[PDB]
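First up is the structure itself, then whatever we jot down about it.
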Amino acid sequence: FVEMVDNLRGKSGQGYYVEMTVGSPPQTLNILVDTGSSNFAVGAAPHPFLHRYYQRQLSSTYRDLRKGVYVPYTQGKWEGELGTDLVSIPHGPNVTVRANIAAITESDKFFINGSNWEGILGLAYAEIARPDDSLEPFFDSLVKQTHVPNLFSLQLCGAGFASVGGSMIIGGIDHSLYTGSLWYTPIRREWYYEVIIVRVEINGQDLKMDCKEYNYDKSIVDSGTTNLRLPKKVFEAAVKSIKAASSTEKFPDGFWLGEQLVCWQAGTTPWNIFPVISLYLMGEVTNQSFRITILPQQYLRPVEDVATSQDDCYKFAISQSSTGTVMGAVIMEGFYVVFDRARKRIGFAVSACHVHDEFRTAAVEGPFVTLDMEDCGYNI
Ligand SMILES: C[C@]1(c2cc(/C=C(\F)c3ccc(C#N)cn3)ccc2F)N=C(N)S[C@@]2(C(=O)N3CCOCC3)C[C@H]21
């Protein structure tokens, strides 16, 4: 799948996007890859933040669905007009499909000032599509209309001390993007890419919580979120343990809450005082799990645009949640992640591009024996 390697671009903290074309003749747009939503939604009006936008009046293949949609989020929102058009991915499979497109005509706190993307490719399932599950997501249309296999994989390559990159392999797996073996965890339910965490360790020390807390009220894999978000109670325990592990240096309380940065002299970040973080995931077999481990290089994120400082500044990118665990870019930048929809499972392997040092690397290890893993899932 050499044609698709390195087909993702982005800037630190602004997301990973793929080039797409919409309409006839084709209009090229940069589109954020989002496993945490299920709409294909593109700027269609001259918002000043946008490099370009979808001009339906130029497309002979545009079809109006004569239906609008209003999509509010916890902060910000977008509103759009639904239709269909022909869509292709230049550095993807050599096909064209007719897909739903939400033409965004009003938004707030949605587009990012300074970013180079103009829309979002929601790769999750129809149950969470807006306005309802009758709006077929893009990937469903792709698979239905072509012979592309029903899976995709993501290698998100992060940065350290602004340009990120990676690969979205559509319809398969490229073995050059990972080392070791893939380990799979079941997709618990096809809405978000929902998974079940069965154990959490900080530098190998179990947090010893009731594992339902780790998945209250869900745990998901989301390329459209930067942080590792943890349920409030889990975040409290995790930070207590990370604070203790890292206690040879003291930091203001506000740093751990994401309320302020911490800066060090260039090149002197003390990586070794910060612990590794391990999530054990439900395995494929009864009573079997595996673990994924990330480094501070993943969860301490460089902040480049700090005019008021001259040093190397970082943001703590593990944060508390009210929506469950969110394995965002902090997790995904450590791994090659296989969204094996056909077999309702997600594979993890150590990413051949993840950021590490000479002493520690990200890891995917198993098998481990874990009992009562079904009890870890939350039910209303
Ligand atoms: C559509 C939405 C969304 C995402 C985004 C994503 C980004 F801006 C972004 C930025 C940096 C990085 C990195 N590294 C990655 N992504 C930018 C805008 C944006 F809207 N998608 C999400 N995954 S989070 C989101 C949300 O709250 N939900 C809950 C309801 O179900 C769908 C997702 C805000 C939603």
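What you see of chain A is 60-220, 229-447, where the numbers are those given in Swiss-Prot.
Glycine is treated like the rest: Cβ placed from N, Cα and C.
Between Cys380 and the candidates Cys330, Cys420, Swiss-Prot records the disulphide bond with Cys330. Of the residues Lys168, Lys203, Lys285, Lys310, Swiss-Prot records the annotation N6-acetyllysine for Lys285. In Swiss-Prot, the feature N6-acetyllysine is assigned, of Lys279, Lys382, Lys411, to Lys279; the remaining candidates carry no such note in the record. Among the candidates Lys299, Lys317, the residue that Swiss-Prot annotates as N6-acetyllysine is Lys299.
Packing around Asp93 (active site) is summarised by its Cβ count: 23 other Cβ atoms lie within 10 angstroms of its Cβ, all protein chains included. Distance between the Cα atoms of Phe220 and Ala229, which bracket 8 unmodelled residues, is 8 Å. Here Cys380 (disulfide bond) is positioned 25 angstrom away from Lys299 (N6-acetyllysine), judged by their C-alpha atoms. Less than 8 angstroms from the CB of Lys126 (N6-acetyllysine) sit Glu140, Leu141, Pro190, each of them six or more residues away in the same chain.
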